[PDB]
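[1] got a structure for you, letters missing:
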Ligand SMILES: [Ca+2]
Ligand SMILES: [Ca+2]
Ligand SMILES: [Ca+2]
Ligand SMILES: [Ca+2]
Ligand SMILES: [Ca+2]
Ligand SMILES: [Ca+2]
Ligand SMILES: [Ca+2]
Ligand SMILES: [Ca+2]
Ligand SMILES: [Ca+2]
Ligand SMILES: [Ca+2]
Ligand SMILES: [Ca+2]
Ligand SMILES: [Ca+2]
Ligand SMILES: [Ca+2]
Ligand SMILES: [Ca+2]
Ligand SMILES: [Ca+2]
Ligand SMILES: [Ca+2]
Ligand SMILES: [Ca+2]
Ligand SMILES: [Ca+2]
Ligand SMILES: [Ca+2]
Ligand SMILES: [Ca+2]
Ligand SMILES: [Ca+2]
Ligand SMILES: [Ca+2]
Ligand SMILES: [Ca+2]
């Protein structure tokens, strides 16, 4: 049903299990049953399972969870023992337990809040260890020790994560002293409120992450596996253990003394600060990667002695100084202001930098400046299965090569990068990992090579240059600007967008024009706008007519008021002409020729607007 | 014993030292400068070299002199084999990365000069009157037993000027006279958490 599951109450028994399910339809919401268990003095264990909560979607069955209330016999007594030792939950709304004999809680699925009270026993309790086994648990809100506030709570909390990731939105334990996170799968505590904590100790294989910034007085010890914390001006010796760990610091220098060692493995140090020099400070050790990310992250950062660099969202413009050779930057989120990299030594002529862009969604990497680097390698990386296009302004005024790899698109702003003679995005991979590039090269008579990838790419050369442009798979747009250009749109419906007139010597050759490819002549319509028909009888001349003769023949008509297209086949190759002139001379200046390698018959092929589609 | 050349070498010009204290001035050098054994001394007029464009101090304790607006020589693999960083010259000034040096020196300067990322047990020797406040900031000042060794070393009376040592608890000053005829050095110390000042030496302060 969509109408909600009515109460469930149990009283008494050696052990109790109430197992709800919800089987409602795919666009409805059923809210589940309120459960109450009240033990008699035989009740050692209680279990209350439900179906996991979800939001009513197009194909998602909606479920809200029922409150659960568990109460032991001796819950209100000042003296009587109490019998409920273990409680197991499998999803829940606003849950309560109240038992002075409680040691273990097993959590699972989707929760709202758990409030743990112990019996109102007046005697001061001696055993005060909450074992809290988690497995696939996610919480809207707080696990609280209700007893700790005004009475005698648990002094030591143990959390054993198991077979699946768990996330506790908030853990509130005001009498807690030790906190040990153990087991088998990640435990994440988004926010703890445990002022009296003297230590935290991860022993867990996958690791533990704590989203709340630790107390400056609070010791933390990691184990194997990716543990992950936030520190301020710490007073204590923080150890991170083995595996790939992550500490975020809110202040650049520590305090008292006041240290943090990353331990074995590749560990990230995150600088949420106005500048850093972590290599210098012996207080920090065992770190390999420096990441600049956070709401206070900004300014000048000493890269020295790190083997890798990362960047996330930032407060303002951030600069990496003293960057050693073979050290690459990975950008993980949109930063604020220009990101400058300045290397240890830029002076050589074979300088290589590895920039990486790595995100699940479209990433606006912003401006990164790489003065004195000759080869710039860009990886554009998508972390999920669904395709996107990243954006970057590169300022690399002495780069000769740009190579793009990866599996996401890159629209690259290239303004002012005038040394670039080789753009190679050929290795790029998705349906639409679309690469956009425009050469900023102005060296007269240069050889420039532009390579597209699997995406629907948009590659523009330079009027200055003899551009070789090659799209990969997909709907590529190759732009002609001037000079002796060689175009190859690979597989797919490519568009050869002709925006310049050229000469009789400096013109575009299109190597592989085939059925489906287009020839956009909008930009050479000097006088008016082209044919518009299916204009398709080849100009024919004699067995030994010259290219010069065929050109003159093709331009014989009057193009003064209205430009006209014609075409011919000379010496084994196919040519297209735009006549924009009076006399029967093809005039180099305003009349235009386009070469197409091979015999391609344009008989049946038709002019769209000023756009010729090969038939 | 060595050779010393007071003129700045041509940027095109190769130099090779032997054993013994050789000593030159370099600009934006284009060539691979070697200094050999013994306690050598190169003064650079520009912070980064050129073309390529390197200078190796070789064996022994060698001084690198920064006649520049800031330095970070540890980072640049173009410079290697140096042990002491001195800030001295008519263009010498600003922020200087002490990292990876085992000693520090100071001479006459263009303006206020700052030593950053200074490792523990690294001392400064002042050799001539500088211009503007000389700030030392250590790698880690946070402890409560921080010791710094300042030395003043001259033949004549030396006006060391202001040196700032934020976060140092014990400041040791040596006042050293290099000749037989007595003098008195002068210093403004700014050491707002120093509990001890110990003065040794054979000249006045
Ligand atoms: Ca109570
Ligand atoms: Ca009580
Ligand atoms: Ca209490
Ligand atoms: Ca660890
Ligand atoms: Ca580690
Ligand atoms: Ca360090
Ligand atoms: Ca490590
Ligand atoms: Ca994606
Ligand atoms: Ca370079
Ligand atoms: Ca560059
Ligand atoms: Ca392509
Ligand atoms: Ca061109
Ligand atoms: Ca293509
Ligand atoms: Ca094609
Ligand atoms: Ca056009
Ligand atoms: Ca004509
Ligand atoms: Ca020598
Ligand atoms: Ca030497
Ligand atoms: Ca040496
Ligand atoms: Ca070096
Ligand atoms: Ca004297
Ligand atoms: Ca101190
Ligand atoms: Ca002090």
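    Yep, that arrived. Numbers count the residues shown, from 1 in each chain, chains lettered A, B, ... in the order given. Ligands and ions are numbered 1, 2, ... in the order given.
[2] residues from chain A in reach of chain B?
    Contact residues, chain A versus chain B (C-beta under 8 Å from any C-beta of the partner chain): A:253-258, A:277, A:279-283, A:302, A:304, A:321-322, A:324-325, A:344-349. Backbone N, C-alpha and C define where each C-beta goes, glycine included.
[3] Against residue A:541, how distant is residue A:410?
    Applying C-beta to C-beta, to the nearest Å, the value for residue A:410 to residue A:541 is 47 Å.
[4] So which of those two has more stuff around it?
    residue A:410 (28 against 16; other C-beta atoms under 10 Å in any protein chain shown).
[5] Nearest spatial neighbour of the more buried one, chain-adjacent residues omitted?
    Nearest non-adjacent residue to residue A:410, counting by C-beta to C-beta, 6 or more residues apart in numbering or on different chains: residue A:380, 4.6 Å away.
[6] pretty sure that neighbour is in contact with residue A:429, am I right?
    No. The criterion here is C-beta atoms under 8 Å, and residue A:380 misses it with residue A:429 at 9.6 Å.
[7] shared neighbours, these two?
    Common contact partners of residue A:380 and residue A:429 (C-beta atoms under 8 Å, 6 or more residues apart in numbering or on different chains): A:406-407.
[8] okay, those two: which has more neighbours?
    residue A:380 (31 against 18).
[9] how about the helix or strand that one falls within, does it get close to ligand 8?
    Following DSSP states H and E, one finds residue A:380 within strand A:375-382. Yes. Judged by C-beta under 5 Å from the ion, strand A:375-382 and ligand 8 are in contact via residue A:382.
[10] Give me the sheet partners of that strand and which way each runs.
    Partners of strand A:375-382 in the sheet, by DSSP bridges, are strand A:352-359 (parallel), strand A:401-406 (parallel).
[11] Between these, which one is closest to ligand 6.
    With C-beta to the ion as the criterion, ligand 6 lies closest to strand A:352-359 of the strands paired with strand A:375-382, at 23.5 Å.
[12] from the middle of its chain, how far away would the closest one be?
    With C-alpha atoms, centre = their mean, to the nearest Å as the basis, strand A:352-359 stands 12 Å off its chain's centre.
[13] and what of stretch A:219-235?
    Per C-alpha atoms, centre = their mean, the centroid offset for stretch A:219-235 relative to its chain is 25 Å.
[14] Same question for stretch A:295-303.
    The chain centroid and the centroid of stretch A:295-303 are separated by 21 Å under C-alpha atoms, centre = their mean.
[15] Over to stretch A:416-434?
    Here stretch A:416-434 is found 20 Å from its chain centre; the criterion is C-alpha atoms, centre = their mean.
[16] that older thread, out of the strands paired with strand A:375-382, nearest to residue A:508?
    Across the strands paired with strand A:375-382, residue A:508 has its closest neighbour in strand A:401-406 (22.8 Å, C-beta to C-beta).
[17] could you check whether that closest one is close to ligand 11?
    No. For a cut-off given as C-beta under 5 Å from the ion, strand A:401-406 has no contacts with ligand 11; the smallest distance is 11.7 Å.
[18] Give me the buried subset of the residues of chain A next to chain B.
    The neighbour count (16 or more other C-beta atoms under 10 Å in any protein chain shown) marks A:253-254, A:258, A:277, A:279-281, A:283, A:302, A:304, A:321-322, A:344-347 as buried among these.
[19] which among the residues you listed gets closest to ligand 15?
    Once C-beta to the ion is applied, the member of those that ends up nearest ligand 15 is residue A:346, at 39.4 Å.
[20] quick one: that closest one and residue A:372 touch, right?
    Yes. Here residue A:346 lies in contact with residue A:372, judged by C-beta under 8 Å, at a distance of 2.9 Å.
[21] I figured residue A:316 was touching residue A:296, is that so?
    No. Using C-beta under 8 Å, residue A:316 makes no contact with residue A:296, being 9.5 Å away.
[22] and residue A:609, that's in a strand?
    No. Using DSSP: H, G, I helix; E, B strand; the rest coil, the assignment for residue A:609 is coil, not a strand.
[23] How many residues are close by it?
    Residues near residue A:609, counting by other C-beta under 10 Å: 11.
[24] tell me the phi and psi of it?
    Per-residue torsions, residue A:609: phi -80, psi -100 (degrees, to the nearest 10).
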